[PDB]
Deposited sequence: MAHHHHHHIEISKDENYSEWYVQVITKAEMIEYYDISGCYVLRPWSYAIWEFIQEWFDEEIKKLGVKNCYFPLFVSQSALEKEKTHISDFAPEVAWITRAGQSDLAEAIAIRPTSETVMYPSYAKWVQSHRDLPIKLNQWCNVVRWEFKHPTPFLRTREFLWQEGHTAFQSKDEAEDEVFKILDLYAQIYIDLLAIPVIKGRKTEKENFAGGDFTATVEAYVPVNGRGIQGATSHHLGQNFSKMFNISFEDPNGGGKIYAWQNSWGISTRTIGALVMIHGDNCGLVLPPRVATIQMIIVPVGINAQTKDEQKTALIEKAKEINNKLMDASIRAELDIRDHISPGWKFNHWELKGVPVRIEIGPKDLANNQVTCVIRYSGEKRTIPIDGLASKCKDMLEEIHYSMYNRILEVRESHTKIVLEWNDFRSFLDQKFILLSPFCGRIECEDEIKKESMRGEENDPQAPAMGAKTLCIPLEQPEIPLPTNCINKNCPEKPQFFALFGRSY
């Protein structure tokens, strides 16, 4: 099976739910697990989350947010301050039954806010801006789907507290725009910003052409003073007003991002990676291979190109495995969605050129080796915006 060619066995436009399973399995993104609704994130899909993590982590740090880590556990009575058929319960640990069951966090408000109440002694302690990258568990009763609705998933959740409503409201929309940027500028997915235990909730919605539905892609909550009154997160007003309750937001985005990417950009040849989150942006494949002197000169030139592409900060890799055919390589990296295949054979070598095959469109482009690296940087940008505009044109048609 591994060293054999592979086909997406059903068309996206015929049965998208079965097509979806084909793509995520044949592109080596997940493994099914014997605990239902949990899925292994294989490196090919986990790398996409790492790119999102690295980007968003840099952006919120510019806003003053610091990372932390709160516990996985919340006691039953602490959870039930302020859904119940979605909680996993620990009732035994070590050698003893617990007198009170412990919940796995489905979200961390009731884990974090007793500490926020302790940390806020005066307005000088505000703002508090904390984020954590972590796993949460929701025993989802709707049917689980890899990435889109899983019972364990990875996310970040940010939890912020301010001395005034206006600071908090301003951050809600900055965060919301950062979430839109993840979809638009990292995943090439157009989104709409909209207002859905808080004062107001805003999401980014990603339209899915094949079924006409919208993916709730991330959530930004303005909690007002609802949680700060619940947990007594308060300070003395400097201007005589007495006890003032902190103004709070929380916000989160998950590995559902990766399911949106599959649903929207996947096609009948398999995954199509948005270039900015592709762990391999360009795969270099030797083609048309006799002569010992020729095979060396050709592989040596491929190594040169590979180094020149990485010098230009392109994530290029070379596939010079000889126990497997070029045609198998084409198919493997197509199924996995590598944005560009660079083919180099004897004919192209003699013309000091390569042949680039663009995955999302199938276009073949012959390019001189001279200014190649710069031409490839441009091409990866071209692909990103073309992927985006193609979905945007589909959405602005149905709407």
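**Student:** Which deposited-sequence positions, grouped into ranges, are missing C-alpha coordinates?
**Tutor:** No C-alpha coordinates exist for 1, 84-89, 204-210, 304-306, 417-505.
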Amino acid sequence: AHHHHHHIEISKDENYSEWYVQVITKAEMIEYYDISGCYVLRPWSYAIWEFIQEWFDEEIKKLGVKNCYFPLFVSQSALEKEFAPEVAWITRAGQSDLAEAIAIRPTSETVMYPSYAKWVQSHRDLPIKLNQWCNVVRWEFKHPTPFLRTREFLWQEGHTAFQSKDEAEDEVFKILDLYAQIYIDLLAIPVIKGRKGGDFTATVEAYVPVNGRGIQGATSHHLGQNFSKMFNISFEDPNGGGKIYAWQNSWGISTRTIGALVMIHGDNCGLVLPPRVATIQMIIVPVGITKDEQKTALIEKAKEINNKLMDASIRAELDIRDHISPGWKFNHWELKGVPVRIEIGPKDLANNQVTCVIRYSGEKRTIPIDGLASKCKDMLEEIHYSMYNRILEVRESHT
From here on, numbers count along this sequence of modelled residues.
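**Student:** Look up the CA B-factors in the entry and say which stretch, 354-362 or 64-72, has the higher mean.
**Tutor:** Going by the record's values, the stretch with the higher mean is 354-362.
**Student:** Which has higher Cα B-factors on average according to the PDB entry: 85-93 or 227-235?
**Tutor:** Higher mean C-alpha B-factor in the PDB entry: 85-93.
**Student:** Choose from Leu126, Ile289, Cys269, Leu130 the residue with the greatest Cα B-factor as stated in the PDB record.
**Tutor:** Of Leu126, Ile289, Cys269, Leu130, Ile289 has the highest C-alpha B-factor.
**Student:** Tell me which of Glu171, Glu100, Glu205, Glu300 tops the list for C-alpha B factor in the record.
**Tutor:** Of the candidates given, the C-alpha B-factor peaks at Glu300.
**Student:** Can you tell me whether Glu152 has a C-alpha B-factor in the lowest, middle or highest third compared with the other modelled residues of the same chain?
**Tutor:** Bottom third by C-alpha B-factor.
**Student:** Would you check the entry's CA temperature factor for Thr257 and let me know if it's in the chain's lowest, middle or highest third?
**Tutor:** Lowest third of the chain for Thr257's C-alpha B-factor.
**Student:** Please say which third, lowest, middle or highest, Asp370 falls into when its CA temperature factor is compared across its chain.
**Tutor:** For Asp370, whose C-alpha B-factor we compare with every modelled residue in the chain, the answer is the highest third.
**Student:** With respect to C-alpha B-factor, does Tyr179 fall in the lowest, middle or highest third of the chain as deposited?
**Tutor:** Tercile = lowest for this residue's CA B-factor.
**Student:** What third of the chain, by the recorded C-alpha B-factor, contains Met387?
**Tutor:** Answer is middle: the recorded C-alpha B-factor places it there.
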